[PDB]
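Every read-out reported here was derived from the displayed coordinates using simple, explicitly stated rules and does not represent laboratory data. Counting neighbours? That spans all protein chains shown, and the Cβs are built from the backbone with ideal geometry, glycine included.
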Amino acid sequence: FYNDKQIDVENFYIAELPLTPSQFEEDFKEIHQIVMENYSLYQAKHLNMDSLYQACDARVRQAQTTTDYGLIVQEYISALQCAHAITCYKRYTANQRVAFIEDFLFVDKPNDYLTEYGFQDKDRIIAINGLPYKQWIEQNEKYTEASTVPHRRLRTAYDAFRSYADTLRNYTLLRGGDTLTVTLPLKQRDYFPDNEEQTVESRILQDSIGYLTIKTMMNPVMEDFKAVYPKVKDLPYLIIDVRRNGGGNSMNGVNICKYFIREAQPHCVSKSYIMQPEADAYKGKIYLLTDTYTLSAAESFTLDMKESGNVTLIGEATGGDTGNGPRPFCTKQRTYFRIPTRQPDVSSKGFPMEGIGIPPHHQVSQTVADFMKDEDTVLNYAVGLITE
């Protein structure tokens, strides 16, 4: 039982960890003790903790630099197989969106930095550092924290342009039938501006169908939501998009859900909270677009929406972790990490709250053919259902 408030963390590059090599093994032993005493999911996951600890400890005993050490810690934490069992390390980055569509990897709208190095929209990444991209993904999943195989693959694909250690990366690209190679520096995250983009947007498709994108559950989502919701609230159909929503604040998910339900319902993560429909709750037909990326607060939202009976889900199964109460911990030598501490739970309808994506009502996948034409398969599907 955690009486104390959550500690602040420090975020380091692994090349710059404050501890010395003589301290590596003591530190790792403390990380493992903390995990065994506090991580709530390893028993239910049937993890072989004995073998994991020993494999990592053997490596820690041979580690010479803080980069060597930090990579082992990254692998250890990732081996806990939970989207919210994570390290706090910083990553070198090109701050770039990718598309991972039918198991192919594409540059999705190169930012100005990528444009400086000659990347083009929809360039297909064939290889990374000379390794065929599928092999690269499989070899890098060991550094990725995830509860499900699809999400682990997606997060790793989405790391094509970032690294805990690497400050340079090579790409082999397919561009209109030609193959080429490009070398790109990976920069500190503070090289790029923060996003001041809207968290929520809305527009009207075909005069009668509202479209509302909820990109995060972090503040200021409620203010952006309340500013744009009135544009669509009186339309007979509404498509809500959480495909790019990786979480934030679960209570913001609750606040938004109350606009889209018709009767009282307990919140899946905290069932003592009875969600009552807002006075200005929406009375039309609702569709919710989901993806493997959808996670955490966005997944508790998705689950509440699904279980309401008032929302049709379209897309891919979600990422597979509503949260389970992650908390930060710190070793005596300032190694910081976060792990869930809440026991495994199920929804009111028996759905496990971690370890499996929420299935949609209509499973629909983005295609490469549509991607090349800037067509959104899942959105087009939802519009089609409405127009039947």
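Out of everything in segment 61-94 that is in a loop (DSSP other than H, G, I, E, B) and touching a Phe, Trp or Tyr at 6+ places or on another chain (Cβ under 7 Å), what residue ends up being nearest to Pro193 (Cα to Cα)?
Here the residue is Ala94.
Residues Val9, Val35, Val73: which one is over 18 Å from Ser163 (Cα atoms) and crowded, with 20+ Cβ neighbours inside 10 Å? Spell out the reasoning first.
On the way: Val9 fails: crowded, with 20+ Cβ neighbours inside 10 Å; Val73 fails: over 18 Å from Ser163 (Cα atoms).
Checking each option against the conditions leaves just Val35.
Does segment 135-176 hold any residues that are small (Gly, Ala, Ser) and assigned to a loop (DSSP other than H, G, I, E, B), and which are they? Give the steps one after another, and end with the answer.
Filtering segment 135-176 down to residues small (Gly, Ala, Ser) leaves 146-147, 157, 160, 163, 165, 176.
Listed by number, the residues that qualify are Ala146, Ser147, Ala160, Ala165, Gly176.
Any idea which residue in segment 354-380 is nearest to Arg175 (Cα to Cα), counting only those that are surrounded by 17 or more Cβ atoms within 10 Å (Cβ to Cβ) and in contact with a strand residue (DSSP E or B) (Cβ under 6 Å, 6 or more places away or on another chain)?
Result: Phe371.
Between residues in segment 99-114 that are free of Cβ contacts under 8 Å to residues at least 60 places away in the same chain and crowded, with 19+ Cβ neighbours inside 10 Å and residues that are part of a loop (DSSP other than H, G, I, E, B) and among the aliphatic types (A, V, I, L, M), which pairs lie under 7 Å by C-beta distance while being six or more apart or on different chains?
Within 7 Å, the pairs are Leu105/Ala160.
Give the residue that is farthest from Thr67 (Cα to Cα), with candidates limited to residues of segment 115-134 that are hydroxyl-bearing (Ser, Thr, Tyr) and either crowded, with 17+ Cβ neighbours inside 10 Å or touching a residue at least 12 places away in the same chain (Cβ under 8 Å) (or both).
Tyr117
Suppose we filter segment 350-373 for residues that are on the phi > 0 side of the Ramachandran plot and either of a type in the set (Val, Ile, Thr) or over 18 Å from the mean Cα position of the chain (by Cα) (or both); how many remain?
Taking segment 350-373 and keeping what is on the phi > 0 side of the Ramachandran plot, we get 350, 355.
Narrowing further to those that are either of a type in the set (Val, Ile, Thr) or over 18 Å from the mean Cα position of the chain (by Cα) (or both): 350.
Qualifying residue count for the region: 1.
Give segment 215-252 a look and list any residue that's within 20 Å of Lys306 (Cβ to Cβ), of a type in the set (A, V, I, L, M) and under 14 Å from the mean Cα position of the chain (by Cα), or say none.
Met217, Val242
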